[PDB]
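Just one chain follows, in the form deposited in one PDB entry, and it is written as structure tokens.
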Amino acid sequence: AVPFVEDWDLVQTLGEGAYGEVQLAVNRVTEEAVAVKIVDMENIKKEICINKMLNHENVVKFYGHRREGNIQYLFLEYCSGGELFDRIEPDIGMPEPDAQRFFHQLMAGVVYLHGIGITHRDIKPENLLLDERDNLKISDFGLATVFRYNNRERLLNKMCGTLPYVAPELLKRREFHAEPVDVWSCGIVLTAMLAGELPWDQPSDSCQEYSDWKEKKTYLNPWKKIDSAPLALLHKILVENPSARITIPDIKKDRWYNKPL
């Protein structure tokens, strides 16, 4: 918007994606900050619709949108704590208590989304932002979709996620349940938080690092950097068969999950 840019300074780019970028906008008079996602016409049509459904403390707030020619402008909560990735020291991760707290907040967000029949489909640290009190905020619903209509689930079939975070059934099954896919990527996020590295390029047979995990070689990186209490949870999350994979209600029963640190 031309009138918007007259009163709001587009200060800097917060991030760049495939079909555009997110910018920090600051009102010159009030100094209010908002994030402006600019998309040259990710599924932007469904993104807006899904964003309109969301209302939760661990999801990036959606203020509104408008079209200006062929460009779509989405107005989002500015998360001034930045990205989760920037709390992860490469090859080291972060303190276990910090990882635990973020993971609880991630579960809170995912439980909310799943409760209203929405799957994010691209959970990774780049899409987990932080507010000014370091509260985790799930971000970017460009790949999200509805997997439950009222109380009626449907299987999904789309392989749109970032490969290191994708569940193995996406490489093996034509159709699959939404919830265990998101649970899997949450486990990859937890691994990154605790070890500062991703375990594999992809969870395929042909990927050696995935084979090593399947064969319980937890004396190798990244696993050897992870305490056995949180590793025990990862053992239940990063289960190949999505039908045998831990569900979020059972994650809430895990010893490490509930361990005071």
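Whichever C-alpha set is largest while still superposing within 1.5 Å between the two forms counts as the rigid core. Numbering starts at 1 and runs along the sequence shown.
J.: Note whether residue 215 lacks coordinates in a third or more of the other compared entries that model its flanking residues.
T.: No.
J.: Other compared entries: residue 32 unbuilt in at least a third?
T.: In all of the other entries, residue 32 has coordinates.
J.: What is the count, as a class, of unmodelled deposited residues between residue 33 and residue 34: none, 1 to 3, 4 to 9, or 10 or more?
T.: Unresolved stretch here: none.
J.: Look up the CA B-factors in the entry and say which stretch, 158-166 or 122-130, has the higher mean.
T.: Per the PDB record, 158-166.
J.: Comparing average C-alpha B factors as deposited, tell me which of 83-91 and 97-105 sits higher.
T.: The stretch with the larger average C-alpha B-factor is 83-91.
J.: Looking at 220, 53, 194, 229, which has the highest CA B-factor as recorded?
T.: Comparing C-alpha B-factors across 220, 53, 194, 229, the maximum falls on 53.
J.: Is the Cα B-factor recorded for residue 185 in the lowest, middle or highest third of its chain?
T.: Bottom third by C-alpha B-factor.
J.: Per the entry's values, where does residue 14 land by CA temperature factor relative to the rest of its chain, in the lowest, middle or highest third?
T.: Answer is highest: the recorded C-alpha B-factor places it there.
J.: Would you mind ranking residue 59 by its C-alpha B-factor against the rest of the chain and naming the third, lowest, middle or highest?
T.: Middle third.
J.: Would the CA B-factor of residue 65 place it in the lowest, middle or highest third of its chain?
T.: It falls in the top third of the chain.
J.: Rank-wise, by C-alpha B-factor, drop residue 72 into the lowest, middle or highest third of its chain.
T.: It falls in the top third of the chain.
There is another form of the same protein, the form deposited in another entry; it is not shown, and what comes next is about it.
J.: Overlay on the rigid core first, then point out the one of 28, 52, 225, 217 whose CA is displaced 2 Å or more between this form and the one not shown.
T.: Only 28 moves by 2 Å or more at its C-alpha.
J.: Please state whether residue 18 has a C-alpha shift of 2 Å or more between this form and the one not shown, with the rigid core used for the fit.
T.: Shift at residue 18: 2 Å or more after core fit.
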